[PDB]
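Asker: Let me give you the structure first, and then I'll get to my questions.
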Amino acid sequence: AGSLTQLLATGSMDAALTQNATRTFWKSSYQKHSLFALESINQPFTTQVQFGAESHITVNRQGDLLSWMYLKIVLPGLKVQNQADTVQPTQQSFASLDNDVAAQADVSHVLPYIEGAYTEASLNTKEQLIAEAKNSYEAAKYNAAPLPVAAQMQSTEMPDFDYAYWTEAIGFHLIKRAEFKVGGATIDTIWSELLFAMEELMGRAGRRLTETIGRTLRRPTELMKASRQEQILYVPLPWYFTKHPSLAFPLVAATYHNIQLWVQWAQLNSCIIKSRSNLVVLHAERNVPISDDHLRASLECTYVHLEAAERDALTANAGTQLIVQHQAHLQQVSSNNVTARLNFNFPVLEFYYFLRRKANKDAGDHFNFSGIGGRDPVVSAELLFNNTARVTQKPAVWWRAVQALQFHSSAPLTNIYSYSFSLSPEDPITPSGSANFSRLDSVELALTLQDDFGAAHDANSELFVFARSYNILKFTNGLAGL
Amino acid sequence: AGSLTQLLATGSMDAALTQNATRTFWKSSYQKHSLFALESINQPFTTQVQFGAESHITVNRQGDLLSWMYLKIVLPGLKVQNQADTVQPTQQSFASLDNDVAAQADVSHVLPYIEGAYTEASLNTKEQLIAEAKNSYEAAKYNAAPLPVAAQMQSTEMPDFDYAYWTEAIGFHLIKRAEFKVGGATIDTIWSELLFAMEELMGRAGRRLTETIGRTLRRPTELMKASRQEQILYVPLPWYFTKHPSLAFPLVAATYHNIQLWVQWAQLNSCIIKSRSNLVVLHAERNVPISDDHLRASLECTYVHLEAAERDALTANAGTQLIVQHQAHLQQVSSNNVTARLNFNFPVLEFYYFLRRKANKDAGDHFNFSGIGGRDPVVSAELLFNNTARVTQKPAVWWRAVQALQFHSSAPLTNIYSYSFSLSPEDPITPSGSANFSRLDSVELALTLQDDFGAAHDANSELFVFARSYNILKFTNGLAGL
Amino acid sequence: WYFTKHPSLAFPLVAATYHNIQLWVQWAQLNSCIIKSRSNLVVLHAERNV
């Protein structure tokens, strides 16, 4: 009686929701699709792959569309030997944990707050004086309550043996820059720092790229274990056509253009960290000093094979694809107040920004975007259009956590900040907002950074700003162009 | 002036995106739906439930559709007593940690690499010699750099007291096989190993089945804590009709067919691990030896009640549902080169494969798909159609991590490999690609496994291959059939 | 086989489309394939040590 009465208890308001219902929950409807197949094919680079060099590949035409694209990287296992035991000790310098430049830079900021005879003190007494000076510095700069000295003395249990390892997220770090080219024109460009920021914000829970890029979430012991043997990494290249099947790049519609991936590789000296400064780093299998020619890479592409009728239709009329392109503003930081002039073009969906200390970069911690003592490097930021506040001054947590909560699949674990003009900037096919920067005379991101950011040992810290913008790729008569 | 100018700054390209806009972001539109209610009802098995037996239930007709289905399992708490203190010590044998068959099998592979007097050595000296021999084995087989001996000596802090526990993910392990039957015909079949693989790949972040199936992510101390008291598990049965409301099984349209769930239960000896070989395992409440009749299970079904008009429409014309069925190829492995002949039928969406060492199975670690020393058991795999490479030789990481990244909600924490012909194999209502195996004369999965896989103590290791295939379930005149 | 002796005798697969072509091989017994230095030796697979 009650359940039937609920179906009868309808009024004029229910008519807007349920009158002439076009859907039922109790019967499945499905759509028929055209026939297609997927094939994954690995392809060698056209030029030699080496650390610090640029390499390119011309993408083969082994199907009708191009869907997924992965850079397959093979890194050798690492071993170490004392320089005294080596017949040829001359190698490039690597970052070493006995010379922690990041910890030395952090100590340099607290030196003015050390009370007593620091120079003559025992090692254990120096560690105590540094921890007390950190409390005095943080009280003076941040009105922080002092932490117990014992809580600041975190011994990272480092192993009592010699090692070397590939840096955190080495699969991204290796790709300093990649360019997707069609007919000799650059269609899009991606950077190591952008790839990491995109994975932090858009990386879905349970599908994080951890193993696929050599990322351990800053657990040095896991990087050491992984680095003792050969590593095979599959780094996704997040081009517009890899984001949705309807955006797959129509190879058949671009028949008269070569499709190329160009990759600028990281220098070998930046890719490795060692336990001690006096160690030589060896290729674990070959027992020779590690060299720039030990980098191996290939391109793994997923091709789509279409039925003849769909292939012929796509060849006759591929039309236009909405694309997202990436733009970069890279700036050196030498002061706590920084203004970035964002000379980006087109309808910008969103931008990301973050800072890297010189000391973190020099320590080989390339994706450590933290400030001094691991703090947030940004105090506040403001966004100006033509000297008018588009976003008034907001604290770092608003740009990092509130923007990520509103617009992104994930909140960043590092100090990555974002701002979206789009309601859904991760939707590759549905435009949901933008600001046209080609119609603004000035776009300025004004930053107030933490105290002493870009001073002394951190002179030439880096500001990264990346923007995502809409453009249109047009296919006509076997040619493709922006 | 700027924001109004952006709305006016439109050209012929914007017309394809925004001309005659059929959607606004500033006004919600909603659809009205028909009236329905959901009811969860628990039902006993029609036959006795016991370990190692087969049991069935005829599903009641308590609503118009059948939606969710959970196997509700009740396991008793476990206690242990010394065999010497027990009036009836005769029980089935259980795996025991004082007789670690998996560790003994791993030691057997490194015996040829032990230098010195192993037989006469002290226990601590034997552990050192085994860790050194592991380095020599891994250097010889994999060109691995040696790990410090202290880093290989992981003491799992096992408690200094007697215990027994239910094996990891016991809720899946208990279900050796389940069959969904309609009118005496098997509509679909699921296996323990498939349920685990499906949860690894399709299990969403924050909705993993951990507690609901007795899974701890291989933390033995948590399995021990849970096993001291009665456990109630709710194991989801992932039938086609549980995946989307429009696929709910139309009970009213199948009025003349009995709907049955058949379950083949795991043997009790495989479900329990104990600290020591000389312990008797007791039911914690009853203080009697644990026996095959201590398994309790019931079926929890979610029924849908429809409004009379929708019920009558569905009874008159339920039509056809697209269904996904599961197929299995199960093979013994006795060599490092394995060819699996996949005699699957219908349009296959995707397949999963993985290996289990005999030693891991015998140790009661039923979902440990790792190789020797916890390594990846697959070096490479190739997929052939009619002796032509459909997927050329690819390394294990491509089949495990790249395929999961492209097509699945999650990456597996265990050595589960997949391959999809579908762009969205987790979409239950939208076909997005398949390969029709009923039109292929041969489908071969060729595997190169790690060295010594399936040799000696691992003779009769297991290969599992599961496929997901499309079929159609038809409803006509109160009957249902494939 | 006759078709391996001269190019003009190559077996015309296209002309035999409705017949399966099969090679059947009867293998020698393992006991006949091996000779050893001494009667009291066990013969092992060199790689597998079985």
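Residue numbers start at 1 in each chain; chains themselves are named A, B, ... in the order of the structure tokens; ligands are numbered from 1 in the order shown.
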Please check the contacts: residues of chain B at most 8 Å away from chain C, using only C-alpha atoms, listed as a ChimeraX atom specification.

Answerer: /B:452,455-456

Asker: Please produce an output containing N, CA, C and O atoms for each residue in the selection, written as a short mmCIF file (atom, residue, chain, number, x, y, z; two decimals), in the first residue's frame.

Answerer:
data_model
loop_
_atom_site.label_atom_id
_atom_site.label_comp_id
_atom_site.auth_asym_id
_atom_site.auth_seq_id
_atom_site.Cartn_x
_atom_site.Cartn_y
_atom_site.Cartn_z
N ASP B 452 64.49 -20.51 -14.10
CA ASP B 452 64.10 -21.58 -13.17
C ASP B 452 62.62 -21.56 -12.73
O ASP B 452 62.22 -22.34 -11.85
N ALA B 455 60.69 -25.02 -12.46
CA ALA B 455 61.68 -26.06 -12.20
C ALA B 455 61.64 -26.54 -10.74
O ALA B 455 61.19 -25.82 -9.84
N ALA B 456 62.14 -27.75 -10.48
CA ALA B 456 62.35 -28.32 -9.14
C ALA B 456 61.13 -28.16 -8.19
O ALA B 456 60.07 -28.71 -8.48
#

Asker: Please report as JSON, numbers by chain which residues of chain B come no farther than 6 Å from chain A, using only C-alpha atoms.

Answerer: {"B": [31, 32, 33, 34, 35, 143, 144, 145, 205, 245, 246, 247, 410, 411, 429, 430]}

Asker: Mind dumping the selected residues with C-alpha atoms as a compact mmCIF listing (two decimals), in the first residue's frame?

Answerer:
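Result file follows (out_38.txt):
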# COMPACT_ATOMS: atom_id res chain seq x y z
CA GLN B 31 15.21 14.93 -15.80
CA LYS B 32 12.20 13.36 -14.04
CA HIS B 33 12.43 9.57 -13.41
CA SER B 34 9.87 6.78 -12.70
CA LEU B 35 9.14 5.70 -9.09
CA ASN B 143 73.45 -8.75 -13.75
CA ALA B 144 72.12 -7.24 -10.49
CA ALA B 145 74.39 -5.15 -8.27
CA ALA B 205 40.70 4.32 -4.69
CA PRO B 245 21.12 -0.02 -12.94
CA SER B 246 19.97 -0.42 -16.61
CA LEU B 247 21.43 -3.98 -16.59
CA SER B 410 43.80 1.07 -10.88
CA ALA B 411 47.28 -0.42 -11.30
CA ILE B 429 26.75 -0.58 -21.38
CA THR B 430 28.92 0.97 -24.16

Asker: Which residues, written as a list in words, have at least one atom at most 12 Å from residue A:413, with only C-alpha atoms counted and residues fewer than 3 positions away on the same chain left out?

Answerer: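 Selected residues are residues 196, 197, 199, 200, 201, 203, 217, 218, 367, 368, 369, 370, 376, 400, 401, 404, 410, 416 and 417 of chain A.
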
Asker: Go ahead and save the picked residues with C-alpha atoms, as a PDB file, in the first residue's frame.

Answerer:
ATOM      1  CA  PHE A 196      55.378  16.348 -12.768  1.00  0.00           C
ATOM      2  CA  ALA A 197      52.871  19.152 -12.005  1.00  0.00           C
ATOM      3  CA  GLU A 199      50.692  14.149 -12.484  1.00  0.00           C
ATOM      4  CA  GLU A 200      50.400  15.872  -9.055  1.00  0.00           C
ATOM      5  CA  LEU A 201      47.100  17.643  -9.942  1.00  0.00           C
ATOM      6  CA  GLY A 203      46.971  11.917 -11.321  1.00  0.00           C
ATOM      7  CA  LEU A 217      57.429   9.661  -2.893  1.00  0.00           C
ATOM      8  CA  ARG A 218      60.884  10.721  -1.527  1.00  0.00           C
ATOM      9  CA  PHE A 367      60.854  18.015  -7.934  1.00  0.00           C
ATOM     10  CA  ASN A 368      61.286  19.477  -4.436  1.00  0.00           C
ATOM     11  CA  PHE A 369      59.324  22.711  -4.739  1.00  0.00           C
ATOM     12  CA  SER A 370      59.548  23.450  -0.973  1.00  0.00           C
ATOM     13  CA  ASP A 376      55.749  26.742   1.694  1.00  0.00           C
ATOM     14  CA  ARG A 400      47.453  25.154  -3.777  1.00  0.00           C
ATOM     15  CA  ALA A 401      44.563  23.422  -1.973  1.00  0.00           C
ATOM     16  CA  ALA A 404      43.014  21.865  -6.670  1.00  0.00           C
ATOM     17  CA  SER A 410      43.957  15.417  -6.897  1.00  0.00           C
ATOM     18  CA  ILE A 416      52.383  23.328  -6.795  1.00  0.00           C
ATOM     19  CA  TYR A 417      49.862  26.152  -7.173  1.00  0.00           C
TER      20      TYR A 417
END

Asker: List every residue of stretch 146-238 of chain A that DSSP, applied to the backbone of this structure, assigns to helix (DSSP H, G or I), and report them as a ChimeraX atom specification.

Answerer: /A:149-152,170-173,192-202,210-213,220-227

Asker: Would you mind exporting N, CA and C atoms of the selected residues as a PDB file, in the first residue's frame?

Answerer:
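Resulting contents of selection-v3.pdb:
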ATOM      1  N   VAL A 149      63.769  20.120  20.688  1.00  0.00           N
ATOM      2  CA  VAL A 149      64.986  19.857  19.889  1.00  0.00           C
ATOM      3  C   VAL A 149      65.038  18.404  19.396  1.00  0.00           C
ATOM      4  N   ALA A 150      64.650  17.451  20.247  1.00  0.00           N
ATOM      5  CA  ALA A 150      64.577  16.035  19.894  1.00  0.00           C
ATOM      6  C   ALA A 150      63.621  15.725  18.722  1.00  0.00           C
ATOM      7  N   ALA A 151      62.558  16.518  18.521  1.00  0.00           N
ATOM      8  CA  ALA A 151      61.621  16.338  17.408  1.00  0.00           C
ATOM      9  C   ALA A 151      62.165  16.880  16.072  1.00  0.00           C
ATOM     10  N   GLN A 152      63.145  17.790  16.123  1.00  0.00           N
ATOM     11  CA  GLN A 152      63.808  18.343  14.937  1.00  0.00           C
ATOM     12  C   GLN A 152      64.983  17.486  14.469  1.00  0.00           C
ATOM     13  N   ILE A 170      62.799  10.001 -12.010  1.00  0.00           N
ATOM     14  CA  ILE A 170      63.793  10.056 -13.093  1.00  0.00           C
ATOM     15  C   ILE A 170      63.163   9.997 -14.494  1.00  0.00           C
ATOM     16  N   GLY A 171      62.065   9.259 -14.682  1.00  0.00           N
ATOM     17  CA  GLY A 171      61.361   9.182 -15.961  1.00  0.00           C
ATOM     18  C   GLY A 171      60.868  10.542 -16.465  1.00  0.00           C
ATOM     19  N   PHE A 172      60.394  11.416 -15.570  1.00  0.00           N
ATOM     20  CA  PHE A 172      60.071  12.798 -15.933  1.00  0.00           C
ATOM     21  C   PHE A 172      61.319  13.665 -16.046  1.00  0.00           C
ATOM     22  N   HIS A 173      62.258  13.551 -15.100  1.00  0.00           N
ATOM     23  CA  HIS A 173      63.458  14.396 -15.085  1.00  0.00           C
ATOM     24  C   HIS A 173      64.293  14.262 -16.361  1.00  0.00           C
ATOM     25  N   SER A 192      59.688  18.665 -18.333  1.00  0.00           N
ATOM     26  CA  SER A 192      59.817  17.789 -17.150  1.00  0.00           C
ATOM     27  C   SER A 192      58.995  18.303 -15.967  1.00  0.00           C
ATOM     28  N   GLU A 193      59.175  19.580 -15.640  1.00  0.00           N
ATOM     29  CA  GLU A 193      58.501  20.240 -14.528  1.00  0.00           C
ATOM     30  C   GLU A 193      56.970  20.281 -14.719  1.00  0.00           C
ATOM     31  N   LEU A 194      56.497  20.491 -15.952  1.00  0.00           N
ATOM     32  CA  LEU A 194      55.074  20.441 -16.282  1.00  0.00           C
ATOM     33  C   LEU A 194      54.511  19.019 -16.152  1.00  0.00           C
ATOM     34  N   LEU A 195      55.217  17.996 -16.653  1.00  0.00           N
ATOM     35  CA  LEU A 195      54.796  16.594 -16.530  1.00  0.00           C
ATOM     36  C   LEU A 195      54.572  16.202 -15.067  1.00  0.00           C
ATOM     37  N   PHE A 196      55.506  16.590 -14.197  1.00  0.00           N
ATOM     38  CA  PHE A 196      55.378  16.348 -12.768  1.00  0.00           C
ATOM     39  C   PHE A 196      54.181  17.088 -12.166  1.00  0.00           C
ATOM     40  N   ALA A 197      53.991  18.367 -12.514  1.00  0.00           N
ATOM     41  CA  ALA A 197      52.871  19.152 -12.005  1.00  0.00           C
ATOM     42  C   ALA A 197      51.506  18.603 -12.446  1.00  0.00           C
ATOM     43  N   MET A 198      51.412  18.180 -13.705  1.00  0.00           N
ATOM     44  CA  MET A 198      50.232  17.535 -14.268  1.00  0.00           C
ATOM     45  C   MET A 198      49.907  16.220 -13.555  1.00  0.00           C
ATOM     46  N   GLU A 199      50.903  15.384 -13.254  1.00  0.00           N
ATOM     47  CA  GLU A 199      50.692  14.149 -12.484  1.00  0.00           C
ATOM     48  C   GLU A 199      50.271  14.433 -11.034  1.00  0.00           C
ATOM     49  N   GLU A 200      50.798  15.485 -10.409  1.00  0.00           N
ATOM     50  CA  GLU A 200      50.400  15.872  -9.055  1.00  0.00           C
ATOM     51  C   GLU A 200      48.933  16.293  -8.965  1.00  0.00           C
ATOM     52  N   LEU A 201      48.458  17.090  -9.925  1.00  0.00           N
ATOM     53  CA  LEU A 201      47.100  17.643  -9.942  1.00  0.00           C
ATOM     54  C   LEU A 201      46.075  16.691 -10.577  1.00  0.00           C
ATOM     55  N   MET A 202      46.415  16.066 -11.702  1.00  0.00           N
ATOM     56  CA  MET A 202      45.481  15.264 -12.504  1.00  0.00           C
ATOM     57  C   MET A 202      45.658  13.753 -12.313  1.00  0.00           C
ATOM     58  N   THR A 210      53.768   6.200 -10.275  1.00  0.00           N
ATOM     59  CA  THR A 210      54.921   5.922  -9.400  1.00  0.00           C
ATOM     60  C   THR A 210      55.988   5.030 -10.037  1.00  0.00           C
ATOM     61  N   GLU A 211      55.698   3.747 -10.235  1.00  0.00           N
ATOM     62  CA  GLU A 211      56.639   2.786 -10.823  1.00  0.00           C
ATOM     63  C   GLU A 211      56.989   3.132 -12.279  1.00  0.00           C
ATOM     64  N   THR A 212      56.006   3.592 -13.062  1.00  0.00           N
ATOM     65  CA  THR A 212      56.185   3.897 -14.493  1.00  0.00           C
ATOM     66  C   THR A 212      57.164   5.036 -14.778  1.00  0.00           C
ATOM     67  N   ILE A 213      57.438   5.905 -13.797  1.00  0.00           N
ATOM     68  CA  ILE A 213      58.379   7.030 -13.917  1.00  0.00           C
ATOM     69  C   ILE A 213      59.533   6.982 -12.902  1.00  0.00           C
ATOM     70  N   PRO A 220      64.378   7.477  -0.122  1.00  0.00           N
ATOM     71  CA  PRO A 220      65.677   7.230  -0.751  1.00  0.00           C
ATOM     72  C   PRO A 220      66.056   5.746  -0.804  1.00  0.00           C
ATOM     73  N   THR A 221      65.704   4.972   0.221  1.00  0.00           N
ATOM     74  CA  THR A 221      65.983   3.531   0.281  1.00  0.00           C
ATOM     75  C   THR A 221      65.313   2.740  -0.844  1.00  0.00           C
ATOM     76  N   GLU A 222      64.134   3.156  -1.308  1.00  0.00           N
ATOM     77  CA  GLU A 222      63.448   2.528  -2.443  1.00  0.00           C
ATOM     78  C   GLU A 222      64.105   2.907  -3.776  1.00  0.00           C
ATOM     79  N   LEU A 223      64.550   4.165  -3.933  1.00  0.00           N
ATOM     80  CA  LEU A 223      65.335   4.592  -5.099  1.00  0.00           C
ATOM     81  C   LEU A 223      66.650   3.816  -5.207  1.00  0.00           C
ATOM     82  N   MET A 224      67.338   3.603  -4.082  1.00  0.00           N
ATOM     83  CA  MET A 224      68.550   2.784  -4.015  1.00  0.00           C
ATOM     84  C   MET A 224      68.280   1.352  -4.464  1.00  0.00           C
ATOM     85  N   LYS A 225      67.242   0.703  -3.922  1.00  0.00           N
ATOM     86  CA  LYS A 225      66.881  -0.673  -4.298  1.00  0.00           C
ATOM     87  C   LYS A 225      66.594  -0.781  -5.794  1.00  0.00           C
ATOM     88  N   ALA A 226      65.765   0.116  -6.327  1.00  0.00           N
ATOM     89  CA  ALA A 226      65.418   0.136  -7.744  1.00  0.00           C
ATOM     90  C   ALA A 226      66.654   0.369  -8.630  1.00  0.00           C
ATOM     91  N   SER A 227      67.582   1.223  -8.200  1.00  0.00           N
ATOM     92  CA  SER A 227      68.757   1.616  -8.994  1.00  0.00           C
ATOM     93  C   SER A 227      69.869   0.572  -9.052  1.00  0.00           C
TER      94      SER A 227
END

Asker: Report the residues of stretch 16-172 of chain A whose backbone DSSP state falls under strand (DSSP E or B), written as a PyMOL selection string.

Answerer: chain A and resi 36-44+54-58+65-75+78-82+95-96+164-166
